[PDB]
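Counting neighbours? That spans all protein chains shown, and the Cβs are built from the backbone with ideal geometry, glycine included. FYI, it's all coordinate maths here, none of it is from the lab.
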Amino acid sequence: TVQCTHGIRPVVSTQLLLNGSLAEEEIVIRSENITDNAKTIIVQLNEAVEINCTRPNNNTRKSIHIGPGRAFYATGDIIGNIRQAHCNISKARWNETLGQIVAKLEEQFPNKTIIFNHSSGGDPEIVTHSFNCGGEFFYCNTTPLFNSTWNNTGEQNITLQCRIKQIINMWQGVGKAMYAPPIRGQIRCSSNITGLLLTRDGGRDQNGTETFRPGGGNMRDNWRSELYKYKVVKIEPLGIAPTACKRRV
Amino acid sequence: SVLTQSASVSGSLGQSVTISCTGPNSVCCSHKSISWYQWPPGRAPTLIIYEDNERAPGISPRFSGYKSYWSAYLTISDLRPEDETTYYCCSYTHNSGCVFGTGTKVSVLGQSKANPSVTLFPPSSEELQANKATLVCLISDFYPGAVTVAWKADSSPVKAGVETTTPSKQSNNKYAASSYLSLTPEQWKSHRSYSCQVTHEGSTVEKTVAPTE
Amino acid sequence: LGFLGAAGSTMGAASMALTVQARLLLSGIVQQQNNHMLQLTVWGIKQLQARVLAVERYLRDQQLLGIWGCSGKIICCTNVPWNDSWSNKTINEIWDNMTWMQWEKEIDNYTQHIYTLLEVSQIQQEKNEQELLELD
Amino acid sequence: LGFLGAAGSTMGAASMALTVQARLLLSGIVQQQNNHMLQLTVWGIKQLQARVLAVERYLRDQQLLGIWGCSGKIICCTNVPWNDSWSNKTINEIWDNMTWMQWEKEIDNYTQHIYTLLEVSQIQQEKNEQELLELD
Amino acid sequence: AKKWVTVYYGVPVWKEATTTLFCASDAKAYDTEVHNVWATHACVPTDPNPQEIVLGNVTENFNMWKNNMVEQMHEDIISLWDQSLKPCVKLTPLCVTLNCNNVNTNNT
Amino acid sequence: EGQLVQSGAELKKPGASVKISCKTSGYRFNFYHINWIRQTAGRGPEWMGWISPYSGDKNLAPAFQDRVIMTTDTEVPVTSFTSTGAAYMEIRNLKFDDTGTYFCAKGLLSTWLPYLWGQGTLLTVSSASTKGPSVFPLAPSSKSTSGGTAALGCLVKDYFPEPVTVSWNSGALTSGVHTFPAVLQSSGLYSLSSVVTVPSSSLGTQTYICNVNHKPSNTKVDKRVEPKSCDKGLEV
Ligand SMILES: *[C@@H]1O[C@H](CO)[C@@H](O[C@@H]2O[C@H](CO)[C@@H](O[C@@H]3O[C@H](CO[C@H]4O[C@H](CO[C@H]5O[C@H](CO)[C@@H](O)[C@H](O)[C@@H]5O)[C@@H](O)[C@H](O)[C@@H]4O)[C@@H](O)[C@H](O[C@H]4O[C@H](CO)[C@@H](O)[C@H](O)[C@@H]4O)[C@@H]3O)[C@H](O)[C@H]2NC(C)=O)[C@H](O)[C@H]1NC(C)=O
Ligand SMILES: *[C@@H]1O[C@H](CO)[C@@H](O[C@@H]2O[C@H](CO)[C@@H](O[C@@H]3O[C@H](CO)[C@@H](O)[C@H](O[C@H]4O[C@H](CO)[C@@H](O)[C@H](O)[C@@H]4O)[C@@H]3O)[C@H](O)[C@H]2NC(C)=O)[C@H](O)[C@H]1NC(C)=O
Ligand SMILES: *[C@@H]1O[C@H](CO)[C@@H](O[C@@H]2O[C@H](CO)[C@@H](O[C@@H]3O[C@H](CO)[C@@H](O)[C@H](O)[C@@H]3O)[C@H](O)[C@H]2NC(C)=O)[C@H](O)[C@H]1NC(C)=O
Ligand SMILES: *[C@@H]1O[C@H](CO)[C@@H](O[C@@H]2O[C@H](CO)[C@@H](O[C@@H]3O[C@H](CO)[C@@H](O)[C@H](O)[C@@H]3O)[C@H](O)[C@H]2NC(C)=O)[C@H](O)[C@H]1NC(C)=O
Ligand SMILES: *[C@@H]1O[C@H](CO)[C@@H](O[C@@H]2O[C@H](CO)[C@@H](O[C@@H]3O[C@H](CO)[C@@H](O)[C@H](O)[C@@H]3O)[C@H](O)[C@H]2NC(C)=O)[C@H](O)[C@H]1NC(C)=O
Ligand SMILES: *[C@@H]1O[C@H](CO)[C@@H](O[C@@H]2O[C@H](CO)[C@@H](O[C@@H]3O[C@H](CO)[C@@H](O)[C@H](O)[C@@H]3O)[C@H](O)[C@H]2NC(C)=O)[C@H](O)[C@H]1NC(C)=O
Ligand SMILES: *[C@@H]1O[C@H](CO)[C@@H](O[C@@H]2O[C@H](CO)[C@@H](O[C@@H]3O[C@H](CO)[C@@H](O)[C@H](O)[C@@H]3O)[C@H](O)[C@H]2NC(C)=O)[C@H](O)[C@H]1NC(C)=O
Ligand SMILES: *[C@@H]1O[C@H](CO)[C@@H](O[C@@H]2O[C@H](CO)[C@@H](O[C@@H]3O[C@H](CO)[C@@H](O)[C@H](O)[C@@H]3O)[C@H](O)[C@H]2NC(C)=O)[C@H](O)[C@H]1NC(C)=O
Ligand SMILES: *[C@@H]1O[C@H](CO)[C@@H](O[C@@H]2O[C@H](CO)[C@@H](O[C@@H]3O[C@H](CO)[C@@H](O)[C@H](O)[C@@H]3O)[C@H](O)[C@H]2NC(C)=O)[C@H](O)[C@H]1NC(C)=O
Ligand SMILES: *[C@@H]1O[C@H](CO)[C@@H](O[C@@H]2O[C@H](CO)[C@@H](O)[C@H](O)[C@H]2NC(C)=O)[C@H](O)[C@H]1NC(C)=O
Ligand SMILES: *[C@@H]1O[C@H](CO)[C@@H](O)[C@H](O)[C@H]1NC(C)=O
Ligand SMILES: *[C@@H]1O[C@H](CO)[C@@H](O)[C@H](O)[C@H]1NC(C)=O
Ligand SMILES: *[C@@H]1O[C@H](CO)[C@@H](O)[C@H](O)[C@H]1NC(C)=O
Ligand SMILES: *[C@@H]1O[C@H](CO)[C@@H](O)[C@H](O)[C@H]1NC(C)=O
């Protein structure tokens, strides 16, 4: 019984989870729904998988005034060679984390049935690992991950197709749209992997093919790996119980 | 067993009955809380008293308790047919394990002379095929629990073909007993007129079945 | 014994410590300091709306104790007999067995009819008898 | 007997049932569930401002009963004598004739002077005498 | 044996329900960064001593997917996202005609 | 009222280690204590020991200390109150005095005492070998043809050791069936039978098949009531 919850950080990302609860000794499978492939499945990690995120695009400050007073700040000039954002990740550490993911799905789902593929369809923000880092929004690729097909159960250079975007009306803002301002100079990460979001394999009857990929398109499920351990209750202090005693004059 | 019961108590239907349980001055009924149990041998026992005067929830207010300076007792006002069985007492504390009694046998009299559904089974084409000569007798609800088994191999004194059992308490709270015949076809073929004699005060409509037809 | 630190324990041990369950119930670890220059933000609105629901749950039961002569203390008995039809279990039995947890799920039904009867025998009859009995 | 269901009836029959007038006074048929995605609408502001005025009318009189030793019950007498100059009618007479309705319009005037005197004889004198009288 | 009604206050019994919650945050940068989008200038502060009381003999059924706290966090962030940047520069007249070429080098 | 599931028909030779189990269902197994008791052939029930499933507290008799060692597992919650658990009992260096019925009991809250018991586990501590029941069907009874009702059943000749569960058409025919008291013979072997009173005016279009089961000798022998009548009852 707590009156104050865990240090939950408001996660602003799709595909991968950045902060929060890491329940130890096994990877926890959050099941909203599992028998029917169609519904989303969140998975809590046992041990954190550190992820670097940089942007060696060095930009100056350009201010143009729109009418009276109002100041608009945009990307100035890029100093140096033309290059991608560059997130980076480990090769073996991830493989080790995936090791228990494929082993747990053999227990949850039937036998060793065919189960691999990449993010299906979608717009940039939906199918890519869209996340805020240092200010700007990074749109790195989820293709080198699902490249491994396996049945029976400083560091290395692993990166994804990194792309930047400034026009961002996140969670589909049909009223007020937001323009992300560029960040002058240095771009650092000091972030984490605290989980992931998966999807279905259509509506195949029986079979031996049930290829799973990342198709989780919800922001609510992102905090379901944080508020999984919470449930609010109303306290009833008034209680009526009979016993051998009474009042007099 | 140190904690002793009245061993044999007799009562009548619709009448009050009391069982005197007494123990030594070591496991005396003065400081220790006493409990009673309705335990039919073979069946599941039922908790009657859970704390001296207090009865277990669901148990009739007919049952009551009393505790003296060393001995404890149980009073059953208005007796019912389900009551005739062996009872057990218990001495205990909130520090130690249970102490069990010797056991008292209760016979609830007043019941009508229940006529039994007596049946004599002759050996079939399968019983005789396996070279086994047997003749059994069933008895169901025959209150009182008294039994008289008598076999008649051509109405001669039977010595070897005698097999009696213990009359157990039946579902209707009456009695049920068993009678068997263990003989080879050689001693079986020397006698043919097999008469069944069960002595219970009453009529003479006994089922006399021949093993050979 | 801790906030709700007796809920697990049986009714007898729950009635033993029930003051802490009312102590940390209002201004405990939720009150705090309650500290662009404006306080009309999303956190300001959420804290004051929750404050209204906070007193509402206390005052509902606080008014009842006030109209039962039980306002002066945590545990106070009444001059109301228990209709056996409501509950058939022994007084001492639920106190070391059933626990307040399941017990609330048993009374909740006749709880409003119980509150209706608690008002008259202890206050609408007892305190109304005083009008004539006070001076004699 | 119903919310204000004794206002019509004489003081004697009004004092007979006055608990319901305080029961449905707070959380009765006005409390409710209290259930674009925002609650800052015209109905949200109106309900919370009314909630402040709701407790204000209760607490004003609730504080008075608390400082009179009458907090524990609905009806409790005091050690304050009645100055004949305020009202000259017989005790039994207003109870079956005048009714609480007209009676409030009679006292309302000296009501503040009555409240001033009610504080001292019953609490500032009676409860202050206890300091020395409690241990003897 | 003469059963009489006894009133008890402060009974440790709960009923499954959802209410309006609020913030709990510790002092971050304090001097340099004073207001970040979520915490803002005035956030409800947190206590260094939380109620860690564990209830033995309690096997309450938790609802992971049907939790109503999740929906509260969903509405709070978006409403704050719309609020944030409201007093800032509107880029409504900025959107105009756009004519261009590519870089000084052909994609290298 | 809670129902207990007592695992039965387990027994072995003297000196050997006996393992008796019991599954708890439809109640809070955690705060409810567990009591174990046995009864000898001399009608003297010996209280074995008391065990707690929430805390490591135990109270055991001196005659059952080095020989008897008990164990318990964690509760499996079904609802906010109901749970499922199990208790195991290990006895070493057994004698013929240890032969009798062993029972498992559910606790009360003066709490140490029980409240509800199981079915029963008849333990036979004997050095003699196991014998399989000789199932034989019985010919029609010596009753009547008036209406149809007349007795018909089966007979179990010899086996060793009890208990033996016998039903009709695998848990279908339970009413109007009497279980005969199974008692030991001169050779030291148990014997039983079963009698069913069904409306049989003439043998035809009816179920006569039964079910016989055992644990140390696993039995399958099921024989139906004899059509070739050897009695006058099902004639006139
Ligand atoms: C789970 O939640 C945590 C929340 O704590 C997420 O934390 C991430 O942490 C990193 C690493 O710190 C953030 O990036 C930087 O944080 C710096 C902290 O700076 C403080 O001290 C400064 C002293 O300045 C000198 O050192 C800093 C070292 O970075 C140099 O950058 C600087 O040039 C100087 O040499 C103070 O001046 C400063 O204000 C702080 O008190 C920040 O310095 C740095 O911010 C730069 O830009 C800021 C924009 O306002 C500006 O105010 C600063 O002055 C500075 O120039 C930068 O933010 C990550 O941003 C942060 N977030 C994320 C999402 O990664 C954690 O990541 C999160 N996620 C998980 C686990 O997945
Ligand atoms: C996760 O969600 C699933 C939702 O599918 C839920 O399990 C479902 O339960 C229903 C119970 O009615 C199952 O329904 C039947 O399953 C049988 C066996 O395969 C089918 O033969 C049935 O066919 C029906 O529907 C057809 C399509 O319209 C019709 O043509 C036909 O006439 C029948 O009406 C029917 O599908 C359903 O299969 C499951 N889902 C499964 C097994 O995948 C599950 O409980 C949730 N799990 C949790 C708690 O995580
Ligand atoms: C992640 O990648 C690594 C390789 O980079 C895979 O590691 C290797 O996994 C295999 C089989 O799962 C291990 O094989 C075993 O080696 C032991 C060594 O004694 C041997 O006794 C066994 O018979 C078996 O051959 C291997 O040691 C391990 N190490 C290597 C080669 O790097 C890992 O399996 C990948 N992740 C997966 C598929 O889960
Ligand atoms: C997972 O990755 C694999 C990578 O190769 C994709 O495989 C194949 O993709 C092709 C082109 O879309 C599919 O072609 C189609 O074949 C059907 C067969 O009848 C035909 O009718 C269509 O017109 C088209 O030619 C091919 O089936 C597909 N193979 C499969 C089933 O794996 C695969 O599609 C990826 N899965 C997804 C979509 O996530
Ligand atoms: C991402 O997850 C990792 C888990 O490995 C977090 O690592 C831990 O970060 C904390 C600081 O937030 C470290 O604390 C300090 O460690 C130093 C070195 O010994 C010590 O001297 C200080 O007293 C302090 O305890 C902690 O060691 C570190 N754990 C390790 C060894 O990895 C990381 O913080 C997460 N990133 C976040 C919060 O964004
Ligand atoms: C209030 O007390 C009464 C009277 O004792 C309860 O009513 C009925 O009480 C009898 C007690 O003999 C219950 O019979 C029970 O039958 C079960 C199943 O056959 C058996 O295992 C018990 O030993 C007992 O013989 C009967 O079910 C019960 N009737 C009902 C449906 O209420 C009464 O239930 C008590 N309290 C309540 C919940 O109202
Ligand atoms: C009032 O006393 C009753 C007496 O048992 C308590 O339970 C009653 O239980 C029945 C059967 O469970 C309820 O029926 C309900 O049907 C709905 C249909 O959607 C189903 O969702 C429920 O699970 C349940 O089966 C019945 O409503 C319920 N109440 C009454 C008044 O009969 C009940 O807890 C006591 N307390 C309260 C708060 O009324
Ligand atoms: C308090 O009691 C006093 C004294 O009894 C009331 O003062 C005066 O009382 C006399 C009673 O004889 C009133 O005289 C009345 O005159 C009318 C009209 O002529 C007549 O119909 C009555 O039979 C009676 O004789 C007198 O009016 C009254 N004076 C005033 C103006 O107050 C006193 O009014 C009582 N209470 C109050 C309201 O202060
Ligand atoms: C206080 O005691 C008086 C004694 O009668 C109660 O009534 C008083 O009545 C006179 C005459 O009706 C009031 O004069 C007023 O003049 C205004 C001028 O606008 C007119 O609008 C009124 O209709 C009335 O004629 C006088 O104010 C009033 N009060 C006092 C203090 O003399 C009065 O009800 C008692 N209670 C209260 C609340 O003061
Ligand atoms: C981007 O690279 C340029 C190239 O060095 C950095 O430019 C220096 O900026 C400092 C700031 O005062 C000047 O004093 C130096 O003279 C600059 N050097 C030259 C020759 O340009 C710049 O700092 C880098 N990025 C940012 C945004 O800090
Ligand atoms: C990831 O990289 C692959 C290989 O170049 C490319 O085909 C794909 O379009 C990229 N993005 C996604 C969303 O997979
Ligand atoms: C990426 O981050 C890890 C964790 O600090 C670090 O050890 C590694 O050196 C970083 N990458 C580089 C630049 O080598
Ligand atoms: C204790 O409460 C449980 C709740 O179901 C009940 O089943 C049990 O019989 C109760 N024991 C007694 C009689 O106190
Ligand atoms: C009752 O009250 C009315 C109010 O005006 C009054 O006129 C009447 O004289 C009163 N009767 C008595 C004396 O109670």
Q: Choose one answer from B:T75, B:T148, B:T85: the residue with the largest mean-square fluctuation in a GNM of chain B with alpha-carbon springs under 10 Å.
A: B:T148
Q: Mind jotting down the distance between the C-alpha centroids of region D:17-86 and region E:1-78, whole Å?
A: 29
Q) Any idea what the C:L26 label distances to the other copies are, label 7 Å down the Cα→Cβ vector, nm, shortest first? A) 1.1
**Q.** Of F:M89, F:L123, F:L203, farthest towards positive along the dipole that unit charges on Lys, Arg, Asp, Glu beta carbons give chain F
**A.** F:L203
Q.
Please arrange A:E25, C:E129 by how many other C-beta atoms lie within 10 Å of their C-beta, fewest to most.
A. A:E25, C:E129
Q.
Need the list of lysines near A:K176 for cross-linking: C-alpha distance under 21 angstrom, and skip anything on the same chain fewer than eight residues off.
A. A:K165, E:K86, E:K90
Q | Prolate/oblate/rounded label for chain C (Cα gyration tensor, a/c 1.5) | A | oblate
Q.
Using Cβ contacts closer than 10 Å as the measure, can you line up C:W100, C:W95, A:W171 from fewest to most?
A. A:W171, C:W95, C:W100
Q) Put a point 7 Å out from Cα along the line to Cβ at D:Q47; what are the distances to that point in the other copies, in nm, shortest first? A) 2.2
(Q) If packing is taken as the average number of other Cβ atoms within 10 Å across a peptide's residues, how do B:13-23, B:59-69 rank, most packed first? (A) B:13-23, B:59-69
Q) With point charges of +1 on the Cβ of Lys and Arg and -1 on the Cβ of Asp and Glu, referenced to the Cα centre of region F:128-236, which listed residue (F:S142, F:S193, F:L234) lies farthest in the positive direction of the dipole? A) F:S193
Q) Taking each residue of E:19-28 in turn, how many C-beta atoms of other protein chains fall within 10 Å of its C-beta, and what is the average? A) 6
Q: Let me know the mean shielding of C:57-65 by other chains, meaning the per-residue number of their Cβ atoms within 10 Å of its Cβ.
A: 5
Q) Based on Cβ point charges of +1 for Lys and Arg and -1 for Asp and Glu, what charge dipole magnitude is obtained for the protein assembly as shown about its Cα centre, in debye rounded to the nearest 20? A) 2600
Q: Over the residues of the protein assembly as shown, compute the C-alpha Rg and express it relative to 2.2 N^0.38 Å.
A: 1.35
Q.
Give me Rg/Rg_expected for chain E, where Rg uses Cα atoms only and Rg_expected = 2.2 N^0.38 Å with N residues.
A. 2.02
Q) In what sequence do F:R43, A:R247 fall when counting other Cβ within 10 Å, fewest first? A) F:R43, A:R247
Q: Find, to one decimal place in angstroms, the Kirkwood hydrodynamic radius of chain F, where the mean of 1/r is taken over every pair of different Cα atoms and then inverted.
A: 20.6
Q: Using every pair of alpha-carbon atoms in region F:128-236, split the distances into 5 Å bins beginning at 0 and state the percent of pairs per bin, rounded to integers.
A: 2, 12, 22, 22, 17, 12, 8, 4, 1, 0
Q: Rank A:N37, A:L17, A:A48 by how far each Cα sits towards the positive end of the charge dipole of region A:1-108 (+1 on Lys, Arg Cβ; -1 on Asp, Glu Cβ) and give me just the farthest.
A: A:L17
Q: Could you sort out which of F:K12/F:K215; E:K15/E:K66; B:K32/E:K2 sit more than 18 Å apart by Cα distance in this structure?
A: B:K32/E:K2
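Would you tell me the mean number of C-beta atoms belonging to other protein chains that fall within 10 Å of each C-beta in F:223-233, as a whole number?
Mean partner-chain Cβ count within 10 Å for F:223-233: 5.
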